[PDB]
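Just the one chain here, laid out as structure tokens, in the form deposited in one PDB entry.
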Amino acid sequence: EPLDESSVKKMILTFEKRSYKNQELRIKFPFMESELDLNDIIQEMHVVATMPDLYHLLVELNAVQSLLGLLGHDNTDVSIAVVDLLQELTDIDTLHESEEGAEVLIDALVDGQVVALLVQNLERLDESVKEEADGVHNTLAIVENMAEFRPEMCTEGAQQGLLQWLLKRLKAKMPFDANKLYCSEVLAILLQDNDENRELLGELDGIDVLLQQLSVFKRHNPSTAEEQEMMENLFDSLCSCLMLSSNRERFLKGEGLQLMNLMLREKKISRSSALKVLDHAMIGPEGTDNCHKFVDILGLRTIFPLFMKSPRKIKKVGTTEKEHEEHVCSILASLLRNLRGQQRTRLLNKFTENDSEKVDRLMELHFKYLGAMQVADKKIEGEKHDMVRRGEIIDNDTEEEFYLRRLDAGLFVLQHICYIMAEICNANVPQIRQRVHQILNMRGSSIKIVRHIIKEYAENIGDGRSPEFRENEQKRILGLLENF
């Protein structure tokens, strides 16, 4: 026989007494059954998750509000009991089976500040024992759900000591368990599309935790396949934080530039996403300091071999050849934008050295991605003519699908390349300028195609940025076309 309203209410009530019963016990330490009465009933209570529509009963009978208080109970065997129940009750699919039922619980849970207490109970455990080890694990599972269910609770629950505890658990001197891995994805979830947490982590001196934690693989590849996932996860959190101007300086002070550069030299598995971190750190006006510091630590000597030839496939590395050339050219474009003085002069010397072999290379990359673009555009054009015959109306979806195909053919990288081409042709260095025009003439191609791309790259500059900033950049970029 299934369960109904009555079964649930008379199960909540039994719990609602047994808690109050066991609470009455200020007398110690005879109890031993009064407490273990409270366990198997919380245990028993799992079956409510099977009918999530009746979640309103846990609320209006003060069960959830009493479940919170049980987290701070002396015996930790009841804490995990509540924790496991809370996770059971909060699985993401169960939360979808109901609408007005999943809500009333979530609202109640965040109202009684569940995460704050989850951490308070969390910061008094001991993962030496499997039960408690699964305790922290099942605590993190809860957070993952409420965040996937309600991404605007991340800002809330992080400030309640979750993000602070996550950093601690990572930095904590323990071997690599699957719980350390779990904290890595939870930390990443909090930080994605969340300037508030990125600022919190930085204000909590968390950048140093990430950098130090990544520093171990500066020479030694991760043994486990799990750890590489944790490593790539930590790289995700770091890249997230670097998308906020405030964390650029913390990255500089933490010596993240020296570490990423170092990782590029060892050429371990770290090498692929380390290049990604360098791109994120030097991009935009807020990367100007790092751009200069990158040059002062001999960064040109590391980035330019990567520009001359792209790494071969190893297949244990996901990074494609195009994904690699996208970062290198992005980094180069940021340098050519932000570098002033002697650091700029050094960068420009890279384009003259060895009979301007770097320029010859830039022109090589240009024709490759131009062709790939030209091929993709003739294909889109053709599909459109097909759509006319078949009476298919081209709409917003068709155009969004057409655009993604342009991006995957290398639109952004070709723009960067042309920007670089323009920026170096403006440096009053006849050797570079003449070399560029000379190659275009031989290869039959034209300057006006490059001019085209620069204009389009200009008019779509700066997203999520000030309209005033957006106009100045456009003015700046377009100003490269004269004297080109």
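Quick note: we count residues from 1 along the sequence shown, nothing fancier. Only residues modelled in both forms are compared. The term rigid core refers to the most C-alpha atoms you can superpose between the two forms while keeping them within 1.5 Å.
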**Asked** In at least a third of the other compared PDB entries, does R312 have no coordinates?
**Response** no
**Asked** Counting only residues of the deposited sequence, how many between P30 and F31 have no atoms in the entry (none, 1 to 3, 4 to 9, 10 or more)?
**Response** 4 to 9
**Prompt:** Out of 456-464 and 15-23, which one has CA B-factors that are higher on average in the deposited record?
**Reply:** 15-23
**Prompt:** Mean C-alpha B-factor higher for 316-324, or for 339-347?
**Reply:** 316-324
**Prompt:** Which of these has the highest Cα B-factor in the record: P305, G254, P175, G202?
**Reply:** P175
**Request:** For the C-alpha B-factor as written in the entry, point me to the maximum among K293, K180, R301, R150.
**Result:** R150
**Message:** Based on the deposited C-alpha B factors for this chain, I'd like to know if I424 is in the lowest, middle or highest third.
**Reply:** lowest
**Prompt:** By the record's CA B-factor, is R219 among the lowest, middle or highest third of residues in the chain?
**Reply:** highest
**Message:** Going by the CA temperature factor in the PDB record, which third of the chain does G287 belong to: lowest, middle or highest?
**Reply:** lowest
**For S270, the third of its chain into which the C-alpha B factor falls** = lowest
**Prompt:** Looking at the C-alpha B-factor of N354, is it in the lowest, middle or highest third of its chain?
**Reply:** lowest
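There is another form of the same protein, the form deposited in another entry; it is not shown, and what comes next is about it.
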**Item:** Option from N179, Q192, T398, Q374 moving between this form and the one not shown, CA shift at or above 2 Å, rigid core reference
**Value:** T398
**After fitting the core, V413 CA displacement of 2 Å or more between this form and the one not shown** = no
**Prompt:** Taking the rigid core as reference, does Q343 move its C-alpha 2 Å or further between this form and the one not shown?
**Reply:** no
**Request:** State yes or no: after fitting on the rigid core, is the Cα displacement of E203 between this form and the one not shown at least 2 Å?
**Result:** no
**Item:** Regions of at least 3 residues displaced between this form and the one not shown by 2 angstroms or more (CA, core superposed)
**Value:** 25-30, 93-95, 382-400
